[PDB]
Structure formats: structure tokens, C-alpha cells
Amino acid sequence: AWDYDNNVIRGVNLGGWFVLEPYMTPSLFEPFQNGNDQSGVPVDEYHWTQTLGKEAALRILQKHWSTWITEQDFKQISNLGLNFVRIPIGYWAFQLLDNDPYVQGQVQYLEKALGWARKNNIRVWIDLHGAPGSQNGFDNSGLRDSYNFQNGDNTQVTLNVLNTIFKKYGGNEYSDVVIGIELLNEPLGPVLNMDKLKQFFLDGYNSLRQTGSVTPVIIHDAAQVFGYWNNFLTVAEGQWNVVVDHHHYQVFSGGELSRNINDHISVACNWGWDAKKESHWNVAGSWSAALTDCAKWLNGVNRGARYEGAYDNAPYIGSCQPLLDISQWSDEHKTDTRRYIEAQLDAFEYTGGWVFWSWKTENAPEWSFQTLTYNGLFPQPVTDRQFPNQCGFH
């Protein structure tokens, strides 16, 4: 339903929908602030549903699920020249651990989205974004600061949830819409046992194919160096329709933020060169326009920004307040942003294409394809270049 050789993914994440991310929907978390004191604000969806209790969590999430993304979104996405969406969902949509605080109901909207994608000629990856015990300790796994996906029975539970996704979404009913099932969003390889992560990926690949599914398996790169996965899940071993998902940002350390704009573009170009050398099909499944980590709570609730020397002992570069609203941005920041977005587009189009993080946010413009487009900073059409050939690809 997709040509990974010939065609290029031009997509957005439907992030912040089935897995809450404080920086994406701060209004859902702000009511727990006591003036300027953020110490009472739930740091993730696990804590947010636990604090609210099941009734209120379901009331509030139903209102969110039903309005955050609708068919009109899919129409706009198509209108803008995009051909693809990546849809994060948490394991808890399918299975609760004993005593999980999460509420369910997301599958109804996932299924409405797959129909809206069909209606609008949009293809989809289903992405298991959060595993039990957390695979990365990010708030976007559902459970911040926990790293227990390989603890206890959590890997087996993650496999069982995958089997459910494989049966529901990897078969004939959606073979015109679903062009990938992603086994696990950003397992944080540096803190995990990679041998056990590889076995988990091989188990997921084998279970999906054993269902009769021909759907591509999307393996996230687990933060490994380019090429690390080249000899895993290979044609030589009869393991086929496998795509590696790489994520790329330059904002989550002091060193990467410190780069001048030319060096940020050189790094973006080099992602393209390096991805070209890889042996599997590969797509930049998450990236953004961000040159700063200024967005409120991007690093988590009750954490500041490295960009203004307020997190992680990073040195101060600049103040975040003027970068919060795209109408306060300097002409220099607007120009840096357009340059950066075009360079990443060119790099990611050099292999399988790209899936911007994310379609929309409440008020974080570096992370909103809609806001950036409406402000002329994301190319529209997406092939438009004000800064052509920054990378010199051949």
C-alpha cells in the first residue's frame, strides 16, 4: 500500500492524542498548579489519571480524544500535501496492568482515525508509544523516570499487546491504510539490555509474520548510532519488510543547543548522508523545528529549559520567554527556523522521508506543523525552498 523504494513519506505525528504530553496539552496539567508552585502537577499520564481517579479521567479524556484530532485534521493534512500519519498509542489502550490508573477508550478513536485516513488517502503507522514499566522514562511513555520495561513480566505484556495490535491492524481489514506497525517508540538503548531488546524485536517481527501479516515492521533505532541495525532483521535471514525509524533533534543537551545555525544545518545534512548508508529502509519518524528546548515542560513538568541555563547544568544561551510565541520571534529566529526545517526535509527525503513531531500543540509553535505552516516557516507546499540545496546531496 506503500512503495518504500520509490516513494517518500511526508507525514505528521498525531502526538498528544492517545498519550498525554504536558508540553503539548499544558491546559490539561495547569489546573494542578498552585500559583507558581508546580510541585503538585502530575508529571505524566499515569499520575494524571491516578490523581483524577477513573471517572474524571475518562470524562476529561473523552472530551480530549473526541476534539484533539478529528476528520477535519485528516482533511487539512491531506490538503497540505502530506501522505502519512504516525499514530502513537499506549499499551494501556489495550491492556491494563493490575492497579494501573489509566482509562481505555482510545481504540474507538484509533479505529475512527484509520477510516479517516482511508477517506483521505493517508497511510499510517500504528506506534506502540509506551510499554508497561516504561522503556525510556520519558513522560511520553506514560510513566516518567521509570525504566522497567525489561523488568518482571513487562516485556511479555508488551508482546501480548503487540499481538493484539497485529491481529486487529496488521491483517487484511487495514492493508490499504496501515503501512507499518512500530513495535516500540524510543526504547532507551543506553539503559537497557540490548540483547534482550533485540530478542523482543525479533519476537514481535516473528509474531506479526506468523499471523499472516505482510505489514512492514518498524523498528525504532533505540538511540543507537547510524548503521547499528544493519545486520539485524535482514533479507539474508529471510526477515523482510523491515523499516528503521530514526528520531532526530538538536535540543536535548547543552552541546547540541550551543551550535550556531550553520552547524545545526551541517548536523541535519549529515543525518541524511548517514541514513543513506544504512542497509534497511528508514524514515525520520520524529523530528521538529525546535532549535531550543524552551517549550514549557518540554523536558517534563516542573523542569526548566537548558536553553536558558535552567536544566541539566547547561550554560545559558538565551531567554525562553521571547521564543514562547512565534509572534515575538526575531527575524533571525524565523530565518534560522526556515533554514533548519528545509535542511531536515532534504536530509530525510534523501531516504524514506519524514514524520514531523507533531501535527499540533496548544501553544508550542516549534512542535506544531500547523502553526509553523500558518507562519510561513514550514514550506507549503512542502517542496518549496527559500534555502535550496543546503546539503548538496547526490
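The first residue of the sequence shown is number 1, and the count goes up from there.
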property: Stretch exceeding the other in mean C-alpha B-factor - 119 to 127, 180 to 188; result: 119 to 127
property: Comparing 281 to 289 with 267 to 275, the one whose average Cα B-factor in the PDB entry is higher; result: 267 to 275
property: Among 358, 337, 62, 351 - the residue whose C-alpha B-factor is largest in the record; result: 62
property: Per the PDB entry, maximal CA B factor within 299, 141, 146, 210; result: 210
property: CA B-factor placement of residue 379, once the chain's modelled residues are sorted into thirds; result: middle
property: Position of residue 245 among the chain's modelled residues by C-alpha B-factor, lowest, middle or highest third; result: lowest
property: Chain-relative CA temperature factor third for residue 136; result: lowest
property: Ranked against its chain, the third holding the CA B-factor of residue 221; result: lowest
property: Chain third (lowest, middle, highest) by recorded CA B-factor, residue given as residue 344; result: lowest
